[PDB]
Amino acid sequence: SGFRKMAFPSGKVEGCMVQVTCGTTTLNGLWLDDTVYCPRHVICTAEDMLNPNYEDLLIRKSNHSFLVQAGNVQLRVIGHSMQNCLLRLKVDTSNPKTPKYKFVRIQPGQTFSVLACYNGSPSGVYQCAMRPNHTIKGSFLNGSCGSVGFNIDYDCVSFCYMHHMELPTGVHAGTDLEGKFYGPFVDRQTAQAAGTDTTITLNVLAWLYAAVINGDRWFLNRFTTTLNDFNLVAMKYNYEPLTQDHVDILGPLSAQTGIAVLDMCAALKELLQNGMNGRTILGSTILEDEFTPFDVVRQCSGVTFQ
């Protein structure tokens, strides 16, 4: 028993982290087969980042200017290019620790694990969600750029995030592994801001299902709601609008528990309007929104990874 937010085991990703240096700038890179991926802003300095012509700055760079280090070993770079907001460095050695992997672009609301890294050495791992406003509420310090987010399926690492920057509100923005930003953000030290954010309704519902699965069911009731009537209430509480697509995504959890999604929505409505009245749900006093339907299934079924 017990319900914890868990991260994926990070070993397969740890084996891929390296350090990339350009002059005085050091960040992290992801080493898969004979390519190292890292934020293109590694080729800048303290000022360049204000308003840089990456195309121009790259053309000045030579392979030997990139110092790539995997543990104690310097990897010789034999090529470079830019793909959107990423640099792709070709190295002379294919990473012997390369796992099965793919690059995926995740959708808002969805979760992944982040391996926080510094100087190419993994420091910590945590689970988070891509917020509706396309930022993540991460924990990152100077030197963390190039750290990646990922999910694992069986034996396959799906990389979905690479870290580029911190916004004024202390939240974080970055790209998928094709170097395309999530959200409207751009990789320059200009004035940018996260938009207003909302609670991930889909995930709160998933979590309510997880609670029921774990025997916490005091909040259920004998009523139901229309989708529209639910959205009218939830939006007053700064919840994302629930769509029919979201309702379908909850189908497997609805079937497992025999509780129709709109029946759960009636329960959530009453929780929002009435609060908890002293009780907890899965030991929490608040409604958790960083567990997806898939996280719930994975956890409640004891899924492991090879």
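So that there is no doubt, residue numbering starts at 1 and follows the sequence shown. Basically, rigid core = biggest C-alpha set you can superpose within 1.5 Å across the two forms.
Asker: Out of 158-166 and 231-239, which one drifts farther from the shown form in 9 other deposited structures of this protein in terms of CA positions, with the fit done on the rigid core?
Answerer: Looking at 231-239 and 158-166 in 9 other deposited structures of this protein, the bigger mover is 231-239.
Asker: Core-superposed in 9 other deposited structures of this protein, which stretch deviates more in Cα positions, 283-291 or 18-26?
Answerer: The more displaced stretch in 9 other deposited structures of this protein turns out to be 283-291.
Asker: Regarding 192-200 and 109-117, which shows the higher C-alpha temperature factor on average in the entry?
Answerer: Between 192-200 and 109-117, it is 192-200.
Asker: Quick one: higher average CA temperature factor, 173-181 or 77-85?
Answerer: Comparing 77-85 with 173-181, the higher average CA B-factor belongs to 77-85.
Asker: Please work out which residue in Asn238, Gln244, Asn53, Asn28 has the highest C-alpha B-factor recorded for this crystal structure.
Answerer: Out of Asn238, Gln244, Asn53, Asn28, the record gives the largest C-alpha B-factor to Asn53.
Asker: Considering only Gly278, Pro39, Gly258, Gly251, which residue's Cα atom bears the greatest B-factor as recorded?
Answerer: Comparing C-alpha B-factors across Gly278, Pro39, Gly258, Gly251, the top value belongs to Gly278.
Asker: Using the B-factors in the PDB entry, rank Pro99's C-alpha atom against the chain and give the third, lowest, middle or highest.
Answerer: Its C-alpha B-factor, which the entry lists for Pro99, ranks in the lowest third among residues of this chain.
Asker: Taking the values exactly as deposited, rank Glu47 by C-alpha B-factor within its chain and report the matching third: lowest, middle or highest.
Answerer: Its C-alpha B-factor belongs to the highest third of this chain's values.
Asker: Using the B-factor values recorded in the entry, state whether the Cα atom of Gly149 falls in the lowest, middle or highest third among the modelled residues of its chain.
Answerer: Its C-alpha B-factor belongs to the lowest third of this chain's values.
Asker: Looking at the temperature factor on the CA atom of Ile59, which third of the chain's modelled residues does it land in?
Answerer: Top third by C-alpha B-factor.
Asker: Taking the chain's C-alpha temperature factors as the reference, tell me which third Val233 falls into: lowest, middle or highest.
Answerer: Highest third - that is where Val233 ends up once the chain's C-alpha B-factors are sorted.
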